[PDB]
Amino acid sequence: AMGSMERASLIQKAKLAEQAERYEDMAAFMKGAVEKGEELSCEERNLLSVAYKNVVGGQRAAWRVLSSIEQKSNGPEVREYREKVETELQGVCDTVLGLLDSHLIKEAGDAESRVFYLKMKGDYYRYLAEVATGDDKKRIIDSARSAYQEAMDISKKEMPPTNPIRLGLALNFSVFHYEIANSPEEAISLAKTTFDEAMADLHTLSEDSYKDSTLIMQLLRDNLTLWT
């Protein structure tokens, strides 16, 4: 749909859409930019991720409201509307996963880009898992786990323990273990080890990098406080 707009114009409009809090537009501009076929810079990857996290975040919040109403009620309206929101959410997750598969991941050779995209892949399978039931749920859960694990393996070999993408990946994989995989001990162990190894590497950082790393470390600590 964005085929006639220049790549640079799509990027500029995605930044404007963010300022205007128009996240659906932002995601559509960034989808258009990905479909130009060129790799994304660090800032462009962040725009893609921010756009879709906002879109799916609002869908997830709505799905949770409707699922709670439906569970309390247990006419067809609540289930029908929860199903409509669920299908829309699944469609957005499938769209992001399709961008990652065609062809962002395969072209990502540097650790920073490949880890970022595999973390995204884990996240969007995790959002699919949140609404999945039964056996479909098992394969979706394993797809999230596999993406996160590959990202973890690369991150531990190629990035310092304070790298913000490495830290956010570990945070989100710990949430996966706690909330999706029914592995709270694995969640706690990953969050603790990640926090401690980052603490021991803070001395190497500038003041600005210190601020970025400690912000995510606080999120790990916030979860550990809630889980223990």
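Between two forms, the rigid core is the largest collection of C-alphas that superpose within 1.5 Å. Position 1 is the first residue in the sequence shown; the rest follow in order.
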So which moves more in 9 other deposited structures of this protein by CA, 170-178 or 198-206, given a superposition on the core? 198-206
What lies unmodelled of the deposited sequence between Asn74 and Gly75 amounts to 4 to 9
Higher average CA B factor in the deposited record is what I'm after, so tell me if that's 204-212 or 14-22. 204-212
So which stretch wins on mean C-alpha B-factor, 128-136 or 146-154? 128-136
Looking at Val56, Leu171, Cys42, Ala181, which has the highest Cα B-factor in the entry? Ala181
Candidate set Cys93, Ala108, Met120, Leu99 [ranked by C-alpha B-factor, highest]: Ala108
Of the three thirds of its chain by CA temperature factor, lowest, middle or highest, which one includes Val115? lowest
Among modelled residues of the same chain, the CA temperature factor third for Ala187: lowest
Ranked against its chain, the third holding the CA B-factor of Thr194: middle
Here the Cα B-factor of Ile69, set against its chain, lands in the third termed highest
Among the chain's modelled residues, which third holds the C-alpha B-factor of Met30? lowest
